[PDB]
């Protein structure tokens, strides 16, 4: 049916926990990235049919955080919006949902992506409404419960990363060397201007003064292998995962204008890339056949491609252990992966992260003249999200 393209792809800088964006609600980050994505695509806000934004920690953000972002961006109040939560998947799954609505014939132009401000997550009192009656109870970290805690196994995401490291023998040393390379690559990318096209500044009107945040602050410049080897395991006595080889808690928004090829032509848009296939795409049989990261595998097959044919790959770094497991199984050429650094250095703003790596992927393909790109994040049946792009 319709071909689907990315007309623009914009993100804020990624802030560190409790730092540069602590005072900027997720919805304002979202609004900042939407306003700019719309200008960068060269379309009018009224050309937009629907807004679809991921956001995981919605607690106390008020009704329909995606709608607030749309309205704050200056989009027409009558554009419908919805907020999606698939945890790790949210921000990228909104892009494939956009492509699906366009394919169904119901839209031509959709704002997609995601936003998160983990620094601002609340604490919760779950039994304040009808009473605790008696006894100490839990004052709930909402960021941990709704974003980072495995609802079924009743342990932290970090434990899952340990399990994978264990089962595959991904050693502490191997994870730290991977973390070091992500740090070095982010530092070079930032210092060489590789993110200048994709970052929209955020303006914080301070008590008096305006502050501009326009640079990713999470990378630890000058990281060394020695510095990483000294860190204590963060999740498990004598484990392999540390602060050093895992991503952080971060704040960002990242937004893309998704359009039918035919509408892009009509509006004089010069698109950046075509969406070729995605993890959600087509149906079955059979699911289990490909192995444990079958989402990404099957998405690659549906595009008619192989891993060797890919020019650039964004494979999210929630934990180095998980990144190394995926790269090993799919036999990625590591020179083509996370070329501007990955989440260990840059940050993992949950609900925005899938969209963030797609924004970094599309600009890197443009910059480096790379024809075939893969963005992939999250691990395990039901959860993997992946998109394949072919540059225009």
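Residue numbers count along the first chain shown, from 1.
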Looking only at CA atoms, which has the higher mean B factor in the entry: 82-90 or 147-155? 147-155
May I ask you to compare 6-14 and 374-382 by their mean CA B factor in the entry and name the higher one? 374-382
Deposited CA B-factor, highest of 130, 319, 123, 290: 290
In this PDB entry, which of 275, 137, 267, 253 has the top CA B-factor? 267
What third of its chain's C-alpha B-factors does residue 365 belong to: lowest, middle or highest? middle
What third of its chain's C-alpha B-factors does residue 119 belong to: lowest, middle or highest? lowest
Going by the entry, which third of its chain does the Cα temperature factor of residue 29 land in? lowest
Consider only the C-alpha atoms of the modelled residues in this chain, order them by B-factor as the entry records it, and name the third containing residue 212: lowest, middle or highest. highest
Third of chain Cα B-factors occupied by residue 142: lowest
